[PDB]
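Numbers here are sequence positions counted from 1.
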Amino acid sequence: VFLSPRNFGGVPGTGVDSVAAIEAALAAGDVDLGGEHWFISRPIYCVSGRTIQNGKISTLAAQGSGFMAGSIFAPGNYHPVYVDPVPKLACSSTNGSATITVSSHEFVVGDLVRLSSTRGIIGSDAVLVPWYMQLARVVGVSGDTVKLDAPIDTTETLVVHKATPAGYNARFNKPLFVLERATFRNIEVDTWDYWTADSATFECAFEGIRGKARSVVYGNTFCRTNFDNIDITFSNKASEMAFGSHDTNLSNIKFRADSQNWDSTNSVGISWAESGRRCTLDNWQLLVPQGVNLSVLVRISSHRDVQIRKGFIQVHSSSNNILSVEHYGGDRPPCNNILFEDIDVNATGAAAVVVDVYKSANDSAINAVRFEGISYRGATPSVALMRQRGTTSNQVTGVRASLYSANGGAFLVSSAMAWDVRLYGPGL
């Protein structure tokens, strides 16, 4: 808002590095990029309580400079490997209660803290992905009694540590932190890389983000965060919100897949996992042009309390899987209370499966899943309009759908029961 990088020796528009200048202004105050074009040699390390707005940021780093080399911001910098060695204290906690007991804590009122379960899986980073994760602010302390600004929503045994734990480093030996109460407004990003890679946010707002990147909404530990009016041409992954993202809302989002710069290796549509809670996507388009093929457009694995609403999907390929809820069991928190509502799906090909529900294991948990107002425009699916698969002992139960498919399609069930699926033809 108030200060310019120019005031800290920053030069725009000539392809010289300004990262230090931007970071210097961020330390002093809010930052207005003057509607000019800034060039950075590495991600801007963000500052809690700051607004950055009104300009374009391009990376100077060469494609394949290494992970996060091309990134625009480190809005926080959590990655499971750097969170893993942080010492974490045992605490008592009760499902529904904002009160914990922690022997020999050093939390003060106002401190952001991270609550996590000791239950979890070893994930892609070869480290614990807790069954449950929560950032919350301390609002009271008396001896071992700590009060939080939000309840604990699990019966799981938790441990706690300072969200920003002094002495502990992350990538490029920068301190491990969560970005608090920061705002990003009217920014154009221009990178080959994740415009954010490592990240962790709490009460942050991204408003008016446009341009080109590997990704549209991608990062770790997005908490009490809003993403609004995001319109990005992406080359690999529409959205992942990993490592315990919760109470985070995406609205007015245009995921435009990049035909020229498409990277087909490990392509991801919207893929939500790593114990997310109360994450919503509302009013969005996923546009996959000719020449680009995403195998799975929207999938939820390891997310709960999810709402995906007011969606348009257009793909220019065949045999895509459109909407998917999956659970691989073990110590993955259940895929519970998932609403897909008012999704129009166009395919120039013929979808494989439009609605999929898949329990891989005897201990897989999928409950209170609804697919309401799903319109599929395209040829009769090659596998199924709608497929449910459980196991003999672990059936898919209670699933609900309203589907509008002018070319109909197969209704495949395999160890599933107690569904309620209305099919409507065109013309009301």
Side-chain angles (χ1 to χ4, degrees), residues 75-76 78 80 114-117 120 123 129-136 150-154 163 178-179 184 194 196 198-207 209 215-230 232 234 237-255 268-286 296-311 313 323-328 332-343 357 365-372:
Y78 271 27
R114 177 165 171 287
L115 298 133
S116 53
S117 64
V129 181
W131 169 293
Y132 184 84
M133 289 174 260
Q134 177 174 7
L135 309 185
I152 295 183
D153 296 322
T154 185
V178 174
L179 176 66
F184 309 78
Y194 303 113
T196 70
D198 301 350
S199 68
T201 73
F202 188 80
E203 303 178 341
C204 292
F206 301 81
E207 301 179 345
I209 314 298
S215 45
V216 189
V217 181
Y218 177 93
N220 290 326
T221 315
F222 288 136
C223 307
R224 278 140 79 153
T225 299
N226 294 320
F227 292 89
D228 184 78
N229 185 16
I230 316 296
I232 299 193
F234 76 98
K237 309 202 165 44
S239 171
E240 290 195 5
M241 300 204 303
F243 213 54
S245 297
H246 71 74
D247 301 307
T248 282
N249 300 297
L250 276 71
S251 59
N252 188 15
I253 316 290
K254 320 215 166 69
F255 312 93
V268 165
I270 296 159
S271 182
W272 283 10
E274 295 206 342
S275 317
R277 304 178 285 106
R278 250 158 305 190
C279 288
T280 75
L281 166 61
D282 185 345
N283 207 269
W284 53 281
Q285 312 174 9
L286 178 50
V296 180
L297 290 180
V298 193
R299 169 164 296 159
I300 282 101
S301 66
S302 36
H303 258 71
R304 58 190 318 165
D305 300 307
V306 171
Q307 307 182 30
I308 304 200
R309 292 193 254 89
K310 285 70 203 149
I313 294 184
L323 307 171
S324 191
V325 187
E326 306 204 323
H327 199 273
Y328 319 132
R332 301 177 179 72
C335 285
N336 290 347
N337 306 105
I338 317 294
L339 170 69
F340 303 76
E341 190 173 73
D342 302 327
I343 320 290
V357 186
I366 298 172
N367 308 277
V369 181
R370 317 169 49 170
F371 298 88
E372 303 288 2

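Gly219 approaches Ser199 most closely through the heavy-atom pair CA-OG, 3.4 Å. What you find for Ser239 and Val268 is that their closest heavy atoms are O-CG1, 4.3 Å. Between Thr196 and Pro75, the shortest heavy-atom distance links the atoms CG2-CG, 3.8 Å. Taking every heavy atom of both residues into account, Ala150 and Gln134 meet most closely at CB-NE2, 3.7 Å. Across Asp153 and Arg277, no two heavy atoms sit closer than the pair OD2-NH1, 3.9 Å. Nearest heavy-atom pair, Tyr328 versus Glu326, reported as atom, atom and distance to 0.1 Å: OH-OE1, 2.7 Å.
Contact check for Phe340 versus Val325: side-chain heavy atoms found under the 4.5 Å cut-off. Side-chain contact between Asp342 and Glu372 is absent, with no heavy atoms from C-beta onward closer than 4.5 Å. Side-chain contact between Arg304 and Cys335 is absent, with no heavy-atom pair separated by less than 4.5 Å. A heavy-atom distance below 4.5 Å is found between the side chains of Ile308 and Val298. Between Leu339 and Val306 there is no side-chain heavy-atom pair separated by less than 4.5 Å.
Classification of the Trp284-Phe255 ring pair by plane angle, with boundaries at 30° and 60°, yields perpendicular. Ring geometry, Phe222 versus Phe206: the interplanar angle exceeds 60°, so the pair is classed perpendicular (tilted spans 30 to 60°).
Remark: the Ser116 side chain and the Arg114 side chain contain an N/O donor-acceptor pair separated by less than 3.5 Å. Checked by atom type, the side-chain pair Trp131/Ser275 shows no donor-acceptor distance below 3.5 Å. There is a side-chain donor-acceptor pair under 3.5 Å between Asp228 and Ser251.
In this structure, the separation between CG on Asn367 and CG on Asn336 is 4.5 Å, given to the nearest 0.5 Å. To the nearest 0.5 Å, the span separating CD1 on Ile300 from SG on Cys279 amounts to 10.0 Å. Taking CD of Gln307 as the start and CG of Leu281 as the end, the distance is 10.5 Å to the nearest 0.5 Å. With rounding to the nearest 0.5 angstrom, the CG atom of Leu323 is 12.5 Å from the CD1 atom of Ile338. Rounded to the nearest 0.5 angstrom, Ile230 CD1 and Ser215 OG are separated by 11.5 Å. For the atom pair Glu274 CD and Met133 CE, the distance stands at 6.5 Å (nearest 0.5 Å).
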Test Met241 against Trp272 for side-chain contact (heavy atoms from CB on, under 4.5 Å), laying out the working first. CA-CA 6 Å; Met241 300 204 303; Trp272 283 10; 3.8 Å; yes

Show the numbers, then the answer: is there a side-chain contact (heavy atoms from CB on, under 4.5 Å) between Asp198 and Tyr78? CA-CA 5 Å; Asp198 301 350; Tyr78 271 27; over 6 Å; no

Show, in sequence, the C-alpha distance, side-chain angles and deciding distance for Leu135 and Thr221, and conclude whether the side-chain contact (heavy atoms from CB on, under 4.5 Å) test is met. CA-CA 9 Å; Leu135 309 185; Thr221 315; 3.7 Å; yes

Walk me through whether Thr225 and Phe202 qualify under side-chain contact (heavy atoms from CB on, under 4.5 Å). CA-CA 6 Å; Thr225 299; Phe202 188 80; 5.9 Å; no

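A side chain to side chain contact (heavy atoms under 4.5 Å, CB included) with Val216 is found for exactly one of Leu286, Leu250, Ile253, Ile270, namely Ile253. For the ring pair (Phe, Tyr, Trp, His ring centres under 6.0 Å) with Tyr218, the lone residue among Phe243, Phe227, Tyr194 that qualifies is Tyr194.
Between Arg370 and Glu341 there is no salt bridge, since no side-chain N of the basic residue sits under 4.0 Å from a carboxylate O of the acidic one. A salt bridge is defined here as a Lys NZ or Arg NE, NH1 or NH2 lying under 4.0 Å from an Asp or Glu carboxylate O, and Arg224 with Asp247 fails to meet this definition.
Remark: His327 engages no residue in a ring-ring contact (aromatic ring centres under 6.0 Å, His included) (not counting sequence neighbours). Legend: residues meeting salt bridge (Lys or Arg N to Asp or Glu O under 4.0 Å) with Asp282, ordered by chain and number and at least two apart, are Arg309.
Panel note: side chain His303, backbone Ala273; a donor-acceptor pair is recorded below 3.5 Å. Distance alone, capped at 3.5 Å, places no donor-acceptor pair between the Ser324 side chain and the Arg299 backbone.
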